[PDB]
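Below: the structure, in structure tokens.
Each chain gets a letter, A, B and so on, in the order its sequence line appears, and its residues count up from 1. All values below were derived from every heavy atom in this structure, side-chain atoms included, with hydrogens, water molecules and symmetry-related copies excluded.
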Amino acid sequence: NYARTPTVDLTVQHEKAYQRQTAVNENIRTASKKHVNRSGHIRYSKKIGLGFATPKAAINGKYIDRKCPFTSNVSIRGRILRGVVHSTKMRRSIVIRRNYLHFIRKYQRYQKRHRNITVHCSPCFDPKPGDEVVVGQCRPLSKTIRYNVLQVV
Amino acid sequence: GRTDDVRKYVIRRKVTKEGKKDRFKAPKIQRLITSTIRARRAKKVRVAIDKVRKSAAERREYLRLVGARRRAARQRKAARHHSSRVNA
Amino acid sequence: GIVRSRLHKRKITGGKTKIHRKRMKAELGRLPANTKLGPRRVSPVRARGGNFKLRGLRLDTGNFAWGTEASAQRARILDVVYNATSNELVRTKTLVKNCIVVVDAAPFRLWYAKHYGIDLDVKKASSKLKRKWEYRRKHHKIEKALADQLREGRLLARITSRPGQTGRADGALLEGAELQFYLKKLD
Amino acid sequence: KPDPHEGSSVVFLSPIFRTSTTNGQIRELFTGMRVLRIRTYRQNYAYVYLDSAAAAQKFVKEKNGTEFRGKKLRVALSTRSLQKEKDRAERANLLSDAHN
RNA sequence: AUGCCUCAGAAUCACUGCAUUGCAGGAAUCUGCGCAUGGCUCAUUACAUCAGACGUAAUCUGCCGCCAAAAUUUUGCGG
RNA sequence: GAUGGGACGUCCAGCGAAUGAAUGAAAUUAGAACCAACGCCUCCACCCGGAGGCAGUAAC
RNA sequence: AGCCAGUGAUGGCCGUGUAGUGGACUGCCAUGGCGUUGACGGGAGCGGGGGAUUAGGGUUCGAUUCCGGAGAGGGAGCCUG
Ligand SMILES: [K+]
Ligand SMILES: [K+]
Ligand SMILES: [Mg+2]
Ligand SMILES: [Mg+2]
Ligand SMILES: [Mg+2]
Ligand SMILES: [Mg+2]
Ligand SMILES: [Mg+2]
Ligand SMILES: [Mg+2]
Ligand SMILES: [Mg+2]
Ligand SMILES: [Mg+2]
Ligand SMILES: [Mg+2]
Ligand SMILES: [Mg+2]
Ligand SMILES: [Mg+2]
Ligand SMILES: [Mg+2]
Ligand code: NA
Ligand code: NA
Ligand code: NA
């Protein structure tokens, strides 16, 4: 008689506005499984360029993250860096630290330096301080954020 | 009225210049349409329509080339499958 | 005037940046349109590189899409009922992107009758159209919330265009869990 | 490189609508000649086999462009030899017998 | 010290030279393009500017190159 | 009466722009049996009506 | 020797504005961000290619021809393109 009625998730819809992916329509039931995960839900995911694999959490998850490299319109291009997780206090953001040696020509010796960078982390990753991450350059996402986490080792 | 000569109704003003006979000044008439201008207007449309027709010909030749290559590939596949069937 | 540069901002260290050079035309901003709801009124703006932007002021109609049926109709907006930014926008009746509005449902009722033969003029149809209706209705199902709203005379939709940039108020009807999410808030 | 069409006794009718024509009205089109099997192929064309090779030559004549329930009835000659169809049929029957 | 006329946008100067109801040159104005380049100086300025390496899949782009174009019931006459 | 086949007529169907839907590939296993209608091949010389099976087979 | 948050400081959500990204900007939410590897403040100073002095390592100058930036007494606003 009538089509079945879905229900709100209540574990991801905890904001003032309805959270949704802009790439697919969750209300369309089509005969082709173009964008369908193992659970049968409609979910959009893609492969980023270089030799990086899309995590299974991204394909089979339920978060939204309109800033995610694997499930949104953010594109990775530029340079690739590695660092050490320094702090994970902000929401969906972490601070990584890069340590390097600088060469002083007059004394023929090295000295230690460091630099702090703030990056965006998708919910498919769960880094902790002391971990090692690989990040890739993207378009400006905030006042100080220019990188996205691609892999946690 | 329409289709009436206008080339001699234009007035001429006499300028009495010393040392020679008076010059007569008449304006140049604008928007005078002759047979050469009519042919010039009509050539533009026929040249334009030939350009779009020769572009349709170029598209047809490209489509024929694409179709011929796919026909050959299907024929080769059918021959392989046909040979496999009769070798059973 | 208004600028969009980072020169007036503090550094991450908290220090103050000493500004040399003046303000450039390439980084200007402009005053917001603040589109209201009413008889149509627009104002052209000459943007960079030529080209014209249209400022929406008091729009009242647009094209609204029925996503499930992949159609659209031209309908008149009746009122604004919700806004995720602040209640002040709902109170002042401001049309912006993602605003929740209601529409008159008359065009969508007419389309449903002429496509499926169900009336929420039908009996005067050709036999081959009647046969086509039976096929379409064979494996088509409407949902509770949509059928109730179409009978009532209004249904909810969200604005999909940016009225202050293009001067158009277009949107999509609400369906699925999105309809349930906003119905519970509107209670 | 001889033409493979003459001496065929098989004809081709281009605009024949099998959903509004039936075989009885198709056979009426040729009345003075004995008719072998008739085939229709859903792309609106048909094949008609005739007994004598001496036939179907004046049938191709005085019939190209004439009206047959509309559509102008384009008609030509086709190879489609009946003898080769019979051998294909008995080979298919033999092949199906081996399969089952 | 920034203006620009060719065979090829617009001359009835009551402008000039020859002819004798024309042929040329054409002051002035309208139109189109440029004046955001060049030249000068070094006051400001340390997550700024600059240099080496990279991006714009986050965008705009006249002049220049190679190209493209099948929308549109108009006009005359008799009503 | 047939999501039956052909005509006839009556509204749309150009580039660019706005909103919504579809396309923008696949690359982790091998054989069978029934019912719906779709395509072909054989009969009973054709037609009539009334039978029985997958030789081949990019799509239309 | 501590700096940053009324009035944006670091991040998140829906938007506005821009040619376009972005706390660039409005509303709401969390307590974050930087620092003895010298932040914050002060002094001198347009940056570079390069010049001077040459065992080697170094020290010092670069307003000035080329490249980049900024300005037209001071400082603000804008039209046409
Ligand atoms: K945003
Ligand atoms: K210009
Ligand atoms: Mg001249
Ligand atoms: Mg001018
Ligand atoms: Mg200059
Ligand atoms: Mg460089
Ligand atoms: Mg036309
Ligand atoms: Mg100075
Ligand atoms: Mg210098
Ligand atoms: Mg000085
Ligand atoms: Mg000098
Ligand atoms: Mg000097
Ligand atoms: Mg200047
Ligand atoms: Mg002075
Ligand atoms: Na003229
Ligand atoms: Na210096
Ligand atoms: Na310069």
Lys NZ or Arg CZ of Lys185(C) over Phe181(C) ring: under 6.0 Å, within 45°: yes
Polar pair under 3.5 Å, donor/acceptor by atom type, side chain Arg4(C), base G22(G): yes
RNA chain F base-pair string [pairs: Watson-Crick or G-U under 3.5 Å; |: paired with another strand]: .......................................(((((....))))).......
Touch class at under 4.0 angstrom, heavy-atom based, for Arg71(B) against every strand present: nothing
Check: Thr13(C) side chain, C40(G) base, donor-acceptor under 3.5 Å: no
Any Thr118(A) side-chain N or O less than 4.0 Å from OP1/OP2 of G33(G): no
Nearest-Å distance once atom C1' is located in both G38(E) and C66(G): 16 Å
Strand contacts (RNA chain E) in residues 40-47 of chain D, 4.0 angstrom heavy-atom criterion: none
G45(G) and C46(G) stacked at 5.5 Å and 30° limits: no
Whether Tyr41(D) and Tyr45(D) hold their rings parallel, tilted or perpendicular, with breakpoints at 30° and 60°: parallel
Same-atom distance (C1') from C79(G) to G39(E), integer angstrom: 27 Å
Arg162(C) (side chain) and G17(G) (base): donor-acceptor pair under 3.5 Å: yes
Touch class at under 4.0 angstrom, heavy-atom based, for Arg39(D) against every strand present: sugar-phosphate
Sugar-phosphate only, base, or nothing, as touched by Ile12(C) at under 4.0 Å among non-hydrogen atoms: base
Sugar-phosphate only, base, or nothing, as touched by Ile26(D) at under 4.0 Å among non-hydrogen atoms: nothing
Side-chain-base donor-acceptor pair under 3.5 Å for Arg10(C) and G23(G): no
Sugar-phosphate only, base, or nothing, as touched by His99(D) at under 4.0 Å among non-hydrogen atoms: sugar-phosphate
Base orientation of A55(F), syn vs anti, 90° cut from 0: syn
Verify stack between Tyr135(C) ring and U3(F) base, 5.5 Å, 30 degrees: no
Intra-strand stack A71(E) & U72(E), ring centres under 5.5 Å, planes under 30°: yes
Sugar-phosphate, base or nothing in reach of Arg23(C), heavy atoms under 4.0 Å: sugar-phosphate
Touch class at under 4.0 angstrom, heavy-atom based, for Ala26(C) against every strand present: base
Phosphate OP1/OP2 of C34(G) contacted by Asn116(A) side-chain N/O (<4.0 Å): yes
Under-4.0 Å side-chain N/O to phosphate OP1/OP2 contact, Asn23(D) with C47(F): yes
